[PDB]
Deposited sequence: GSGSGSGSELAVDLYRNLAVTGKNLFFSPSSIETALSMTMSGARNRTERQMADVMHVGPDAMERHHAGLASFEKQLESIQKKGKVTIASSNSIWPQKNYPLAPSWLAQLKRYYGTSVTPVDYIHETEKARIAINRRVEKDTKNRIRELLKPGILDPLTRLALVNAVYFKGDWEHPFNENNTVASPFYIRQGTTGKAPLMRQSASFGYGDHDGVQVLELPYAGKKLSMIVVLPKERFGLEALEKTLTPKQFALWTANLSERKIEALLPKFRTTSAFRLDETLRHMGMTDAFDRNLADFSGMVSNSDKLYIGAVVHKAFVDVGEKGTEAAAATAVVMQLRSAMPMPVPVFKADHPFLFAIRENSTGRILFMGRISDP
């Protein structure tokens, strides 16, 4: 229940691996797929629409909603209390005439820069061109995103997106309260993480098998949602049951309450070639040269198909900012949510900080 939340949960369940951290942006993936879907036709388009849960007649509404979300993100970055270093771009093969209607559709709903590159003859300089745009967009935070081997002379279309995030809390942790503590990874394996501690008014929900804690970032326009299994190693069973409605229930029961919160500080990164994942989720024609219908992209019978989808996300969680116990010292799920729309900017899991 909520825009983009169904794709976010689907993505989460396809990307979470046991014993392994996770951090990704469902909204940036969705934006990249939606920019591409606007040029898809016939069965290619319907598969992508099904994957993103866009009902029929609802396509334009879907793009507009992502456009207005992007404007809300820009408005939040301007307050200076969070960092969202983002890059989201699409890279067609050079010298394929592109349809004006697609580019118009791209400018009115995304305002993105499409710079074609010659994969056939200049694969390596295409790799360098793509890596340099990402470095420029992310203020040098995401460097040499594409390694040699992703692109080849048979690539015709690449979706590249990356995001760096960190934010100031509304309620800062005092560093003098942070203590390196055991972090239980699995039954017989215990690690170490610095546990930040404070007692403050947080969004809080009690449920059958989890506690849920909402920690707002400064300004209260974004919030971190931490879903903490009550059983020490209960995350996996919880992820198995995870549905969009369940996640909506966890985020709809968040009234303010003073909570003694213990949250590890951590940095974590995920980098994904998402092609196979997206095939599993039902987006198959788009990656098949013999089947993809991207005729909405071209004006002169050229054949585009998705050859690579690359996503990298980085998060930094620390103390900086300005009763029940919530002690996140065992594997948990978390998400960063935009509070005006409810949209999920990031999801992740911490199994081994």
item: Stretches with no C-alpha position, numbering per deposited sequence from 1; value: 1 to 3, 326 to 344
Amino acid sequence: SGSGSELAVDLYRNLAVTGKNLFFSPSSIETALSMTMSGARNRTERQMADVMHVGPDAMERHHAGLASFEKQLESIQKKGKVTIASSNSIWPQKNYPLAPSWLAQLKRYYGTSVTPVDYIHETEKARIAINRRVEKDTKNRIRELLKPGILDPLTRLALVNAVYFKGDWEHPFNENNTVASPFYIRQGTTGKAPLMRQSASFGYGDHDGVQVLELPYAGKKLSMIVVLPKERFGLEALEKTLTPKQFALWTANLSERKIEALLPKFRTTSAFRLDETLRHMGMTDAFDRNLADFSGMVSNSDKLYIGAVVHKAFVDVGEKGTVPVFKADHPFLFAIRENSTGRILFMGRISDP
From here on, numbers count along this sequence of modelled residues.
property: 101 to 109 versus 233 to 241 - which carries the larger mean C-alpha B factor in the record; result: 101 to 109
property: Greater mean Cα temperature factor according to the PDB record, 249 to 257 or 89 to 97; result: 249 to 257
property: Peak C-alpha temperature factor (PDB record), options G307, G55, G318, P26; result: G55
property: Identity of residue with top Cα B-factor, from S270, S223, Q187, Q211; result: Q187
property: Third of the chain's Cα B-factor distribution that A16 belongs to, per the entry; result: middle
property: Relative C-alpha B-factor of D275, binned into the chain's lowest, middle or highest third; result: lowest
property: Assigned third (lowest, middle, highest) for the C-alpha B factor of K312; result: lowest
property: Record-listed C-alpha B factor of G80: chain third; result: highest
property: Modelled-residue ranking by C-alpha temperature factor, third containing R289; result: middle
